[PDB]
C-alpha cells in the first residue's frame, strides 16, 4: 500500500510536470516563431513558468519518497 | 490506506497546479506575442493568477502530509 | 476509509479550483490583450469570479479536514 | 463509508461548481471585451447565472454534510 | 452503501446541473453580445431553458435524500 | 446494492437529461441570435426536442425508484 | 447484482438516448437556421432519426426491467 | 454476474447504436441543408448506414439476452 | 466470469463497429454533398471500408459466443 | 480469468482496428472528394494502411484465442 | 492472472499500434492530396514512420506471449 | 501480480511510444508537404525526436521485463 | 503490490515523457517549417525544453526501480 501509493504520487507528478512543461515550451516556440524579436522575453516567461509548474509536482515527488521511506 | 490517501491528494494536487500554471503561462506568452507592448501588463496578471491557481493544490498538499503523518 | 475520503475531497477540490482559476485568468489575459483600456473592468471581473469559483472547492477542503479531525 | 460518501459528494460538487462558474465568468469577460457598452448587461447575466449554476452543487454540499454528520 | 449511493446521485446531479446551466448561460451571454437588441428575448430562453435542464438533476437530489432517509 | 443501483441510475439519468437539454437550448439560443425572425420556429423545435431527449432519462428515474422500492 | 445490472443498463440507455436526440435536434435547429426554407424537410429527418436512435436504448430499458423483475 | 454481464452488453450496445445513428442523421441533416436537391440521395445513404451501424449493437443485444436467459 | 467476459467482448465490439461505420458513412455523406458527381465513387469506398472496419468487431463477437458457449 | 482475458484482448483489438480503419477510410474519402484525380493513389494508400493498422489488433485476436483455448 | 496480464499488454499494444498507424497514414493521405508531386517523398516517410511507431507495441506483444508462456 | 505489473508497464509504454512517434511523424509529413525544400531538415528533427520520445517508454519496457524476471 | 507499484510509476512516466517530448518536437517542426531561418533558435528551445519535460518522468522511473529494489 506504500508501494502502490508511492507509484500513484510519482506517476501523476510525472504526468503533471511533463505535460505542463510541454505546453509552456510549445507556447514559447510558437511565440518565438511568430515574433523572433521577442526571443528574450518569451524565453524568460518559459524560465519563470516552468519551475512554477513543476513546484507542486516536485513536492508530490517528495511525498512519494516519504511514503516509500 | 494513509499511504494511498496521501498519494491521491498529492497526485491530484500536482496535476491541478501544474496544468493550471501552464494554462496561465501559455495565455501570457500568447498575449505577449500578439501585443509585445503589454508584456509587463500580462506578466503582472500571471504573477497574480498563478498563486491564486496554486492555492488550493497547495492546501491539498498540506492535507496529503497530514494524512501521512 | 477516512484517509481515502479526505484525499478524494481534497484532490478533487484542488483540480476544481486550480483549473477554474486558470480558465478565468486566461480569459482576463486574453481580454486585456484585445482591449487594454478595459483591464480595470476585466480585473474586477476576475476578482469577483475567482472567489465565486473557489467557494465550493474551499468547502470541500473544509469537509476534507472535518473527515480527518 | 460516510467518509467516502461525504468526500465523493463534496468532491464532485466542487468540480461542478468551480467549472460552471469559470465558464460563466469567462463568457462575461469575453463578452465585455467584445462589447464594453454591454458590461452592465453581461454582469447582470453573470450575477443571475452563477447562483443558478451553483444551486445543485450547494445542495450536494449539504448532502455531503448530512452524510458526514 | 446508503451513504455511498446518496453521494453518487448527489455528486452526479451537481455536475449535471451546474454544467448544463453554465452551457445555457454562456450561450445567452454570447448571443446578447452579438445581438444586444435580443437581450430580453435571449434572457427568456435562459429562464425557460434552465429549469428544464435542472429538472432531472433535482429529481436525482430527491432520490439522493430518499436513500439517506 | 439497491441504494447503489438507484443512485447510478438516477445519477446517469441526471447527466443525460441536463446535458441534452443544454445542447438543445444552446442551439436554440444560437439560432435565434442569427435569425431573430425564426424565434418562434426554433422555440417550437426546442419544445419538441426536449421531451424526446428527456424520455429515456425519466424512464431511468422510474427504474431508479423501482430499485429503491 | 441485479440492482446494479438494472441500473447500469438504464443509466447508459439514458445517456445514449438523451445525447443522441440532442445531437439530432441541434442539427435540425442549426440547419433550419442556415436554410429556413428546409424547416419541414429537416423536421421529417428529425422525426425519422430519433426513433432509430432511441431504438437500442429502449431495448436496453426492457432488458433493465427483465433484470429487475 | 449474469445480471451485470447482460447490463454491460446492453448498455454499451445502447450507447454504440444511439450515437452512431445520431452521427449519421446529423450528417444527413447537414448535407441536405447544403445541397437540398441531393435530399433523396443523402436520405438513401442514411437508410443504408443506420442498419450497418446498428448491426453489431443489435447482435450485442441478442448476446445480452443469452446471458440473461 | 463467462458472462462478464462475453459482455465485455460484445459490448466493446458494438462500440467499435457502430462508431467506425458512423465515421465512414458520415464521410461518404459529406463528400457526396461536396461533389455529387462522385456519389458512386464514394459509395464504393463506403462499401469497402465498412466490412474492413467491422472485421475485428465481428471476430470479437464470435469470441464472445465462444466464451458464452 | 481466461474468459475475462480473452474478452479484454478481443474487445480492445476490436476498438483498435475498427477505429483505425475508419480514420484511414475517412481520410481516403475526403482526399478523393477534394481531388478525384488522385483516386487511384489514395485507394492504394488505404490498401497499404489498413492491413498495417489491423496487424497488431489481429495478433491480439490470436492471443485472445490462445487464452480461451 | 497471466491471462489477465496477457490481455492487457496485447489489448493496449493493439490500440497503440492501430491508432498510431492510422494517424501516420492519414497524414500521408492528406499531404499527398494537397501535393501529389510529393507522393513518393511522403510515402517514404510513412514507410519509415510506421515501423518506428509499431516497435514498442510489437515488444509489448512479445511480452504478452512471455506472460502466457 | 508480476504478470499484472509487467502488462501494465508494457501496455502503457506501447501507447506512449506509438502515439508519440505518430505525432512526431505526422508533424514531419505536414511540414514536408508545406515546405518540401526542408525535407531533410525536418527529417533530422524526426530522427532526433523519436528516440528522445521513446527513451522513457524503452526504460519502462526494461522494467516490465525485470518485473517478469 | 511492489510489482503493481513499479508498473504504475513506470507506465505513467512513459506516457508523461513520450507525449511531452512529442509535443515539443512537433512544435519545433512546425515552427521551423514556418520560419526556416529560426531553425537554430527553435532547435535550442527543443534541447532545453525536452530534458525539462523529462525531469519528473525520469525521477518517477527511479522511484519505480526503488520499488522493485
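Chains here go by letter, A, B, C, D, E, F, G, H, I, J, K, L and M, matching the order in which they are written, and residues are numbered from 1 within each.
Please note the rule applied: contacts are C-beta pairs under 8 Å (C-beta built on N, C-alpha and C of every residue); 3 or more make two chains touch, one makes a residue touch a chain.
Chain labels with UniProt names: A, B, C, D, E, F, G, H, I, J, K, L, M = ATP synthase subunit c.
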{"item": "Shared chain contacts [subunit B and subunit M, defined touch]", "value": "A"}
{"item": "Distance from subunit M to subunit J - Cα centre to Cα centre, in angstrom", "value": "29"}
{"item": "Averaged-CA centre spacing for the pair subunit L and subunit C, given as whole angstrom", "value": "36"}
{"item": "Whole-Å gap between the CA centroids of subunit B and subunit C", "value": "10"}
{"item": "Subunit I: positions in contact with at least two other chains", "value": "1, 4-8, 11-13, 15-17, 19, 21, 23, 26, 28, 30, 46, 54, 57, 64"}
{"item": "Complete ring sequence of chains beginning with subunit H, oriented so that subunit I follows", "value": "H, I, J, K, L, M, A, B, C, D, E, F, G"}
{"item": "In the complex with subunit D, residue positions of subunit C that touch it", "value": "1-2, 4-9, 11-13, 15-17, 19-21, 23-24, 26-28, 30-31, 34-35, 38, 41-42, 45-46, 48-49, 52-57, 59-60, 63-64, 66-67"}
{"item": "Subunit D to subunit C touching residues, read off their complex", "value": "1, 3-8, 10-19, 21-23, 25-26, 28-30, 32-34, 36, 39, 43, 46, 50, 54, 57-58, 61, 64-65, 68"}
